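> From the sequence below, what's the structure:
(chains A, B and C)
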Amino acid sequence: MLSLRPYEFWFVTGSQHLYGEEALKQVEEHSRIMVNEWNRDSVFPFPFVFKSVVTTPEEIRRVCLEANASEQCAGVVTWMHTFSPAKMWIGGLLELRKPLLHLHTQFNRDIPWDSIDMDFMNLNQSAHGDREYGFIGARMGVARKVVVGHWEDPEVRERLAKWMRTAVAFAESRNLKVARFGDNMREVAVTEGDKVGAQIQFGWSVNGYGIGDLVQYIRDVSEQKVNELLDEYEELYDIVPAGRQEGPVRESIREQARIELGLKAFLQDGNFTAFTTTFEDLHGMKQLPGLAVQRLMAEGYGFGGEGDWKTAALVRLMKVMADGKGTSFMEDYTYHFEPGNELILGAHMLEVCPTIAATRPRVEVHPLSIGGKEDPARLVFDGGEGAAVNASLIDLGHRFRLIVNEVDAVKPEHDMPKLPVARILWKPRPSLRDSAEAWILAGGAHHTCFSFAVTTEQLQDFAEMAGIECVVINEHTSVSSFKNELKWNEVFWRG
Amino acid sequence: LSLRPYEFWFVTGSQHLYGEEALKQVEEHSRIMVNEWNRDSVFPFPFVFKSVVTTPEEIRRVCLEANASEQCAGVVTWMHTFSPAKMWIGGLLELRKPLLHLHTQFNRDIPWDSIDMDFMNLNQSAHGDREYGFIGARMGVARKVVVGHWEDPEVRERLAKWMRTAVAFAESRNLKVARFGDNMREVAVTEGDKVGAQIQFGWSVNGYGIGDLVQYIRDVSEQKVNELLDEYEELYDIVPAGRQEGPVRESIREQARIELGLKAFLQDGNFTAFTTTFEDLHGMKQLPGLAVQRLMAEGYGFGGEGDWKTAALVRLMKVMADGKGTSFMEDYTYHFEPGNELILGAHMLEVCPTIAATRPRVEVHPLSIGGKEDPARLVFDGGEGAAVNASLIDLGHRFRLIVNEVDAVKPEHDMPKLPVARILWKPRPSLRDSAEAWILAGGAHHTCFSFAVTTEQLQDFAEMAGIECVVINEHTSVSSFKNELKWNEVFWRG
Amino acid sequence: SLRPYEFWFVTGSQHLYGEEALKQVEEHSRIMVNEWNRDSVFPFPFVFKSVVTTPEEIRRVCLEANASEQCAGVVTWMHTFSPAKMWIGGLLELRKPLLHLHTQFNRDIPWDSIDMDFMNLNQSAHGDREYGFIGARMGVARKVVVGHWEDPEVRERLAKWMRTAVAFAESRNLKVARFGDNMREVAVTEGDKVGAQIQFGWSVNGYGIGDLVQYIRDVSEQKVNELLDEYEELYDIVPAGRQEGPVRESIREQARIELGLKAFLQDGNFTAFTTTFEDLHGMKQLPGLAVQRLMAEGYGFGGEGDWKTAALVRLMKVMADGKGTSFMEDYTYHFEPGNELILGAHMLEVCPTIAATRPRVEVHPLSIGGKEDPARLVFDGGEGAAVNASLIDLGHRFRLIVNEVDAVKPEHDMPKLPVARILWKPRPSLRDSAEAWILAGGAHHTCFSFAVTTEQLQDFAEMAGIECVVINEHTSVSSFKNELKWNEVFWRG
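Residues are numbered from 1 along each chain as shown, chains lettered A, B, ... in the order given. Below is the structure in question.
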């Protein structure tokens, strides 16, 4: 499983000098108390770090600068404990490139009726401090998340926690290194795009390597590690009978083990956390990578087929973002149009991640004429069931668009014994008919990232951080409204 | 404060085509409508019959005349018959007075057994007002549209509300604001472009040294100070100590002196709104407290710490208000108790007693902010009921009006230690959602709170003035409001 | 009064050619920095930064540049091909002024020996073009300079740019104290301080005149007396000013004002300020002599609450090489055919650094403001090529307007004129400059300077992201009108 560096979140509290140093002592006490308490709550997947109360232009600017330079700082949560005149914040906000969350909160929950006096009013006035702050944010057009509520409210904490995962995905995005073995599948439009534009927009480093580079790593893999990995297959998966005995079928599987170790070595050496292949460029390869790619995805690598670096990037980010397991490369393959039981069968010619499997994966070998190589080994299974998202990040030329459809994956009511690939069935919201229409209106790709764990809110928060359109298709979606929103979003996102 | 008499010009459109006799009937109808409208006490200002126009010369002239007439607060136009709209272009180009298109009809019902060609030629607002509607759209003219029979009570109430709004707009274009001192240092939301605002709303905003006001206070007759103090004891409950010749009374007397110096200065230069700033009180004995509260009660606009936008907004809203209860206001602290979320609003001193549920109480207490003597002020609880809380901000290249609908509630508990007037309110549709939407819109901490101004009125003002207005209320969804802000921004740039 | 600002020389290369080649790259860049730092044309020093060749190295040095208060600018050069996607991360991060120097270590092609190793080494010819693309592609604010690194003209362009960049550093940290508001009803000096703070860095805040009165009250009389003595050393005095009597006491009061202002300004780190004759409660005189001396010291000043000009006067003073920079206001014209000119002055506040003659301390009545007869330096402004500049607020954005002028020595004395003044012939003529200036909405308040060039002001605008328009010898009014229009749509948003 791919490891993230330790990330943390900086809690920055604004006030001013006007009220006195004692008032400021109490502001610092309050913010230290909230940071300690939050960090005792297991709801948070990363820790908060307390930062000295900021009360001057230079205190604010310096902590924003420090937030930029710290590789461990994944995000900044800002809260005005008192009025904190926002011209002081301009400098800081200009320097800050780290994800920004404005928490509009209050130390105490209730008003202490019998004792509330003027010092109290001078102290617990987020009711207006955050609004003066809220204005400079709006006036400057800063990318921000706004969260309102009491700091002990578990619902407030839950959305801070989701946001943390999202911001951490953003940090990984900023440092993402993608390796392509070969180019886009020829004549294909949706997988194409502008890598320079994407690096500017998201930070992704996307670069191409000849398949020959990978072949060399596969050749240097030790035969004993191949054997140990093959043993490891026999314990995690069901192997087709023919593959449990010496011969051609077992060899195919051993060859996917060799491909896995080769990919791992190439990837780790370059610090890549996502990659692409293309069946159209497989010189020196025995097989299209299949089982091998499925296993790497289960370890958390991003992947896109046919040189699809956008989806490969998205799969990795969404894996980072996910608060659970079950995130895979995905493609819509065929439809079931039965009235009252409309669903979508999703798969890829080989590469579906076992993390979405309901059942225990079977290693199988089957012919594949696409790519013209030997019968590839792959994991075969039925995807699980439950609420999910299926998302696509496309390139409209001048800008990017992130498109997400909320879906309900369903348990197959029938076996599919002649079907050589892993697969999943889902019912897209609000209906097959409407969702597919809205998707085509938005020009969503056929390649997506499917996840049982990423929420719609996370993807939108990510889109906000990155400065891109995010369009969502779910229960409440009307096709005609959706159509208008694309037009209205159009004009707004130009520039 | 008192308004000059304002009136509303009813202009009726028709054409020569159907003959002179037809035109006499059109005129007879409009005279009947105006005379009967004026008998209806729902209208706060009179209508004036301003002829039936049928030529571009007649239309242009009435529009010129309307601009030049200080009495004329608005023009109501109605096409009784087809009145070809190229004739109206020149007039609509000239017109700078607020415009209401009344889409109406003289008879309520179709007289089935008698309706004939003369009748069809005569009562054809059905298409008259549409052709006129095209030219208004085509020209991007600022306007209010109202549809309905002229005797319908709902039509008349919409008309009545718009009148108040048009009148405030007239006061807007003549507003004088006096600033005693500059903005509070380092504050962003109260800053903004005065030249832009003068162009956009008509507001004159100019700064005076606090010294100029001190001079006026210094020249206040002590005989008048004493009589004003009598009125306080007559109107308010004084703290027991303030009723005997001690130092508590002297503090109340100083506020009285400040009230009179403020009035003298403000009337001298015809100001109807003003700001102070606690960062500049040289030559002053107290931060203007009680005094400001009174001037607000008389309909003055006021803004704390140099806030001229809110000061203006408060005067404008007092003018368009159909009732009592409009104040400068600032959200101070939250009550986050699940199921009873509310906001406590107040200022450090300046809250208008016109929103008070209880008889105001003159108290004196220390206030460290400003470094001056303990100020006298009126203390009370805010009343209950539906209200709006509004803010107007400067985004740099344009202005944005933000209004939250709220429900003010009676406090369930006394606040003994609290030395300022206050009010509690629950924001729609929830405290969490309104605060989020408000922050998304960049709404100020300083607002104008009122029990008597409606969202329709504020929206109509924004229309009259060519600025965005966004409303947060029961039906507001936050994610929709984010989009509404995005899409509006693209429309309003340029 | 400045500080040790410095400029970071960042050199790009790549791992492609091996380590030896990279060592040579590094050795060239250290030499270049050493040699530049041994050339007096440069008003500030360069700093060597180790040759960057990876995305993390580039991003790191940009993060560092941003955090360093002494770093006034980054100078980037691609010694070899240095694949520009590596530079995207750092360029997004960098908020310091950026100059792209397009140069080459060796001046000539060594014909008889040039081989593949030399072609891989000295390939700025294409390294800087690839870097040029990413800059244009991302829309970064930048200055481009082309030529050999030992070419004296390249060095002068680099040096001029250094002063501009330092002005911009000062701008990002500038504080303006306003004693009182804008002169009532005036439009051009109004504006949006929040927008100015976002765009330029300027902090502009208001103090009651009372706060300055208090500082003036707190000044010790020994220092007043010392200062009064300095006036006697530096200026000619009205004879009546030499001995005791009310004229002497008028001058004494300006010293007292100057020392009050100085202490207020130093306590708060204000390097520019404004006053308004419309608010002088507690003062005895409108600040006059006092203001002129503070401008001579390097402070920005603006009359009638004019912060934008106050800031501009300070900024231009910083970027200037030499004395002769002042707050200024067009006062009256000489329309004599063939000898058309403008008399610029202010009611008291003209800076003595533009003086041709020794300033004289004089006391004259002044009814504007309703206070006592103010003491001021009086003199005739010098002659020579200069610029007159205004910064205005169009509502949605700021516009810098610059007229190149030729200051001239007055042919006649002006015995009855109680203020310091200066005469000038604006280019390309009074008729044309005045018209273009009005078409552009130029303020009447300006910063006048003998020492600032047009290119500098254009480079500052470039750094700050605002329009700059120039009126000079080549200006056609009708082309200028078009330019305003075409610039208009470019700058919107």
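
> ok, the nearest residue to residue A:203 once chain neighbours are set aside - how many residues close by?
Distances taken as CB to CB, 6 or more residues apart in numbering or on different chains put residue A:174 closest to residue A:203, at 3.7 Å, once the chain neighbours are dropped. Every C-beta, even on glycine, is put in place using the N, C-alpha and C of the backbone. By other CB atoms under 10 Å in any protein chain shown, the residues close to residue A:174 number 21.

> likewise the one 5 residues further on?
A count of neighbours around residue A:179, defined by other CB under 10 Å, yields 24.

> And it, how far from chain C?
From residue A:179 across to chain C, the span is 14 Å (CB to the nearest CB, to the nearest Å).

> Sketch out the helices for the stretch 1-150 of chain A, chain order is fine.
Remark: helices assigned in the stretch 1-150 of chain A by DSSP state H, counting those that start in this stretch are A:21-38, A:57-69, A:90-95, A:118-123, A:126-140.

> Residue A:326 contacts residue A:352, doesn't it?
No. Using CB atoms under 8 Å, residue A:326 makes no contact with residue A:352, being 11.5 Å away.

> who's more crowded, these two?
For residue A:326 versus residue A:352, neighbours defined as other CB under 10 Å are more numerous around residue A:352 (30 against 22).

> my read: residue A:467 touches residue A:203, true?
No. Using CB under 8 Å, residue A:467 makes no contact with residue A:203, being 11.9 Å away.

> So between the two, which is more surrounded?
More crowded of residue A:467 and residue A:203, by other CB under 10 Å: residue A:203, with 21 against 13.

> check contacts around that one.
A:173, A:174, A:175, A:176, C:89 (CB atoms under 8 Å, 6 or more residues apart in numbering or on different chains).

> who's in contact with the fourth one?
So the one you mean is residue A:176. Shown in contact with residue A:176 (CB under 8 Å, 6+ apart): A:202, A:203, A:204, A:205, A:273, A:274, A:302, A:313, A:316, A:317.

> 6 Å instead, please
Taking CB atoms under 6 Å, 6 or more residues apart in numbering or on different chains, we find residue A:176 in contact with A:204, A:313.

> Distance check, it against chain B.
From residue A:176 over to chain B (counting by CB to the nearest CB), the distance is 27 Å.

> so what's the backbone phi/psi at that residue?
phi -70, psi 130 (degrees, to the nearest 10).

> For chain C, give me its nearest residue in the stretch 251-400 of chain A.
Taking CB to the nearest CB, chain C has its nearest neighbour within the stretch 251-400 of chain A at residue A:271, 10.8 Å off.

> residue contacts, that residue?
Contact analysis of residue A:271 by CB under 6 Å, 6+ apart lists residue A:177.

> hmm, try it at 10 Å
The contact partners of residue A:271, by CB atoms under 10 Å, 6 or more residues apart in numbering or on different chains, come to A:175, A:177, A:179, A:205.

> Check residue A:118 too.
So residue A:118 contacts B:348, B:365, B:366, B:367, B:368, B:369, B:417, B:418, B:419, B:420 (CB under 10 Å, 6+ apart).

> rerun at 7 Å
The neighbourhood of residue A:118, defined by CB atoms under 7 Å, 6 or more residues apart in numbering or on different chains, consists of residue B:419.

> Hmm, residue A:343 and residue A:334 touching each other?
No. Residue A:334 is beyond contact range of residue A:343, at 10.1 Å (criterion: CB atoms under 7 Å).

> higher neighbour count, these two?
residue A:343 (20 against 9).

> The more buried one is in contact with residue A:427, isn't it?
Yes. Residue A:343 is in contact with residue A:427 according to CB under 7 Å; the separation is 5.0 Å.

> intersection of neighbour lists for those two?
Contacts common to residue A:343 and residue A:427, judged by CB under 7 Å, 6+ apart, are residue A:410.

> Name the residue most distant from the centre of chain A?
No residue in chain A sits farther from the centre than residue A:114, which is 48.8 Å out by CA atoms, centre = their mean.

> in chain A, which helix has the most residues?
helix A:248-270 (DSSP state H).

> Return that one as CSV; C-alpha atoms alone will do.
In CSV, the C-alpha atoms belonging to helix A:248-270 read as follows (Å, rounded to 0.1, in the frame of the first residue of the first chain):
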residue,chain,number,x,y,z
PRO,A,248,1.0,-22.8,-20.7
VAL,A,249,-1.8,-21.4,-18.4
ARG,A,250,0.4,-21.3,-15.4
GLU,A,251,3.1,-19.6,-17.5
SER,A,252,0.7,-16.8,-18.5
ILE,A,253,0.1,-16.1,-14.8
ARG,A,254,3.8,-16.2,-14.0
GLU,A,255,4.4,-13.7,-16.8
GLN,A,256,1.9,-11.3,-15.2
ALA,A,257,3.8,-11.7,-11.9
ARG,A,258,6.9,-10.7,-13.8
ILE,A,259,5.1,-7.6,-15.3
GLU,A,260,3.9,-6.6,-11.8
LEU,A,261,7.5,-6.7,-10.3
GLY,A,262,8.9,-4.9,-13.4
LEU,A,263,6.2,-2.1,-13.1
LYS,A,264,6.7,-1.8,-9.4
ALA,A,265,10.5,-1.4,-9.8
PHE,A,266,10.1,1.2,-12.6
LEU,A,267,7.4,3.1,-10.8
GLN,A,268,9.1,3.2,-7.4
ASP,A,269,12.5,4.1,-9.0
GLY,A,270,10.9,7.2,-10.5
